[PDB]
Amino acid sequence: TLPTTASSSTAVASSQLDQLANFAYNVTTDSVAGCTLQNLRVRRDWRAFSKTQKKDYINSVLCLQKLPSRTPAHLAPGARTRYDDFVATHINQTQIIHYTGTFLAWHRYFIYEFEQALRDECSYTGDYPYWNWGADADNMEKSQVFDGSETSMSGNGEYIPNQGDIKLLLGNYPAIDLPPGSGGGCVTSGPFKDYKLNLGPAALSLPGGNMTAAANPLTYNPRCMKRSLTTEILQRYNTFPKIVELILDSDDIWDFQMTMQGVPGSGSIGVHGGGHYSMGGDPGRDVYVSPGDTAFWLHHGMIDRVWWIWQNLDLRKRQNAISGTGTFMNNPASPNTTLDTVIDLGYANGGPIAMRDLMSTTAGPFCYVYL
């Protein structure tokens, strides 16, 4: 049988998670015959990628970072690459894709279409990778995603000493304080050391409490990607126990999505805010520009995975479950999201698509499972 209450023990909570995942795997695989068992893709933990498989993915990303942008220049003047096309649409729609009813599904579609670009333009034929926070929550620096080696998404940034805390303001609420991490500057190694971040900053939190906001975040501001790896953040918000609490203690989609994102006032930023902010730097600390950090795709692989596990714990009730509205924290108010709500990624990839077609990983345009 499955666990119903999350343990505080790291070792078991991991295996607790593993059981819940296998269950989710079972329901998904044996429910599939569009999507069939034959063309069912499997998304996999980055650790499970052999060296060359890691590099294949990385090279496909680098490829999208070389191919020219399709976005009409006058709409995103700072866009240069196909990768920017994805970053631009995210910055463009930030206000309607976080703390909305569409949060989970939009991101699921976002990473899927990113994947399609890798496959259709950059010859990627491997599996979509995800970053399992829990395994790295004691040492982010040793994460295979962030260790600075040739198979990381680059690693830490130039150490900058004595930086002030990050002070996160969700609305008018009291700030959540976070340490500045052990980096600060440009990433010093790894495949993306010469990657040029072109857009933003739109809302970049700085050590000290400041925030940098370009006049127009879609205009040209070429600079390095910065990181400040911050283990304390992961161990505060992204441990296996926190992951399993999120899954086991959320009886509806509202509680799920809110707990995952961090409910304002609780002093908590969830596994989702945890994973983003643990990267530090730029656009690591910019809610709008975050896809500009290459780790984003793996992070959201894991977000999608966690959502998919949760859905399968109760597929009758949860598969199509939606809650929230079309505006960030419903500010200003907007209508409830419904199964007919249409989302899109502008010029990044794919076309407009209704929520109903996004709710399942093995329906609509989707045919994948997480291992």
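Under this definition, the rigid core comprises the largest set of C-alpha atoms superposing within 1.5 Å between the forms. One-based numbering along the sequence shown.
Engineer: Between 162 to 170 and 107 to 115, report the one with more C-alpha displacement in 5 other deposited structures of this protein relative to this form after a rigid core superposition.
Structural biologist: When 162 to 170 and 107 to 115 are compared in 5 other deposited structures of this protein, the bigger C-alpha shift is seen for 162 to 170.
Engineer: Count of coordinate-less deposited residues separating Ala33 and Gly34, as none, 1 to 3, 4 to 9, or 10 or more?
Structural biologist: Gap size class: 4 to 9 residues without coordinates, per the record.
Engineer: Averaging C-alpha B-factors over each stretch, which comes out higher, 347 to 355 or 15 to 23?
Structural biologist: Per the deposited B-factors, the answer is 15 to 23.
Engineer: Could you check the entry and say whether 165 to 173 or 271 to 279 has the higher mean CA B-factor?
Structural biologist: Stretch with the greater average CA B-factor: 165 to 173.
Engineer: According to the deposited entry, which of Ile96, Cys224, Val287, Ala73 has the largest Cα B-factor?
Structural biologist: Of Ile96, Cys224, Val287, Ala73, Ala73 has the highest C-alpha B-factor.
Engineer: Which one of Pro264, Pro201, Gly155, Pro129 shows the top CA temperature factor in the record?
Structural biologist: Result of the comparison over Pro264, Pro201, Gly155, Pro129: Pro264.
Engineer: Among the chain's modelled residues, which third holds the C-alpha B-factor of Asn312?
Structural biologist: Within its chain, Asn312 is a highest-third residue by C-alpha B-factor, going by the deposited values.
Engineer: When the modelled residues of the chain are sorted by Cα temperature factor, does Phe86 land in the lowest, middle or highest third?
Structural biologist: For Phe86, the deposited C-alpha B-factor lands in the lowest third.
Engineer: Please place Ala135 in the lowest, middle or highest third of its chain according to the CA B-factor in the PDB entry.
Structural biologist: For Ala135, whose C-alpha B-factor we compare with every modelled residue in the chain, the answer is the lowest third.
Engineer: In terms of the CA temperature factor given in the entry, to which third of its chain does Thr325 belong: lowest, middle or highest?
Structural biologist: Bottom third by C-alpha B-factor.
Engineer: Among the chain's modelled residues, which third holds the C-alpha B-factor of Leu62?
Structural biologist: Middle third.
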